[PDB]
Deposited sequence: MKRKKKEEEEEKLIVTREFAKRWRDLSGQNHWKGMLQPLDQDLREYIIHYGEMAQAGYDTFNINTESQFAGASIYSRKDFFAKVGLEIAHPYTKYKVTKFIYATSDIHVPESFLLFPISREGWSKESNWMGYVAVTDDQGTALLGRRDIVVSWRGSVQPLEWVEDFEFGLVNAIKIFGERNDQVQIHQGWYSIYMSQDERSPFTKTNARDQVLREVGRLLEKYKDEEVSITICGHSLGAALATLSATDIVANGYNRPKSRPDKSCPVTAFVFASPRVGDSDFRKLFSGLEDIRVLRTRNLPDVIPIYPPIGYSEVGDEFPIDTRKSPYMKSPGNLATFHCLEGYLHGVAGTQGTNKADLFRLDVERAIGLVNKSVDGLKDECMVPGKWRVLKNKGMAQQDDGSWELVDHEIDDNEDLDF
């Protein structure tokens, strides 16, 4: 069923009520996005703030997506880094308080992964995943979409993060876009003789990047191996709590694209998906949920609670529709405690501690010689894999 699960028919008849396979599928990719949050170092008191904690090796095992995750059989092949030519909120780019850490202007911004042979059998094809890390004025986008599309405009923030470079940086000397295009290109070429898909996921900031990236790829025909320009693969973005990305011309361009599909999951009480409230259009198919229907969620919630990704995945796990009279019931075995990674989101009744995601001792570790060092980063040169 993978082609329909990936939106071949725009998820028609699969959303209300929610198809059980799709429920698990959506969570599967949403977890891909969440992994971004779980490796991202947000400790501004560390020299590695803004970097990944974990290396590519056994990445998914390290972020808790191995145990009881028989479908998450992917190898991370490349880490993605981004910068910005203009000032942006700390939620987008975060830096060591030192101002002299691992990088002055760049952040780990996501990863590119692919199914191994086992995952390929399980998902029914070779799945290339690009996962964009999320949130901790309009500009002309010709440099992206070409003269033929010279009326398309994009959110200045999303554009800057996607397109900016730091010439002095080993990380962002090439922009996030090109890093991604290059690695997806290598994967497409390697598996050109095989059924392939590209899946792109992201939450909040990551959702705007997932949407931009996907449109870019399809509109510029990067969804084809260079050796086989005759062979396009499906590109579909699973995005969560997506702000708006472009203007009406962006939508027009989007709407004319054969090979693209976007499923925007929206939590009704979450206001982020409304921004920017003026001059922007949404793209893709929408899937509304409402976490206020969960008896596990604290009432009343707040900005952070309504927005948080694990909240979103808890909603997908249990949603039975958003009408007043609809049920809420967990139809997959998804630990409710996951909600509290980054918020105090559950009813205190649940007795799960709030905001529990942290390295042991924040990464401080006793060494063989009895010294104590901050070890919150695994070494990875991020060199192309063979």
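Sequence ranges 1-21, 158-168, 419 have no coordinates in this entry (deposited sequence, numbered from 1, C-alpha basis).
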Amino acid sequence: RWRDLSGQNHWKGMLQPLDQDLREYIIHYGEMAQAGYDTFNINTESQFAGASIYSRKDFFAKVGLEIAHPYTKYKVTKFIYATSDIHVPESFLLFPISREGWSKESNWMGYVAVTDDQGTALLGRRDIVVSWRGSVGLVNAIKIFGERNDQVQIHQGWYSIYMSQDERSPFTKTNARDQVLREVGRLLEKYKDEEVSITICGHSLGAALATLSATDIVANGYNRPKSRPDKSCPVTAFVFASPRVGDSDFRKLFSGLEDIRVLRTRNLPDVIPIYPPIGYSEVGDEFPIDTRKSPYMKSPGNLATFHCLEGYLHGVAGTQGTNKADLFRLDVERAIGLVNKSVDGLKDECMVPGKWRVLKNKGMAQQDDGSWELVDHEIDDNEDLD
From here on, numbers count along this sequence of modelled residues.
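Per the PDB record, of the two stretches 102-110 and 275-283, 275-283 carries the greater mean B-factor over its C-alpha atoms. For the pair 126-134 and 167-175, the mean B factor over Cα atoms is greater in 167-175. Residues shown: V139, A241, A237, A208. Highest C-alpha temperature factor in the entry: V139. When the C-alpha B-factors of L268, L257, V76, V184 are ranked from the entry, the top spot goes to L257. Per the deposited record, the Cα B-factor of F145 falls in the middle third when ranked against the other modelled residues of its chain.
Among the modelled residues of its chain, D348 has a C-alpha B-factor that falls in the highest third according to the deposited record. Ranked by C-alpha B-factor against the other modelled residues of its chain, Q151 falls in the highest third. Among the modelled residues of its chain, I200 has a C-alpha B-factor that falls in the lowest third according to the deposited record. Per the deposited record, the Cα B-factor of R264 falls in the lowest third when ranked against the other modelled residues of its chain.
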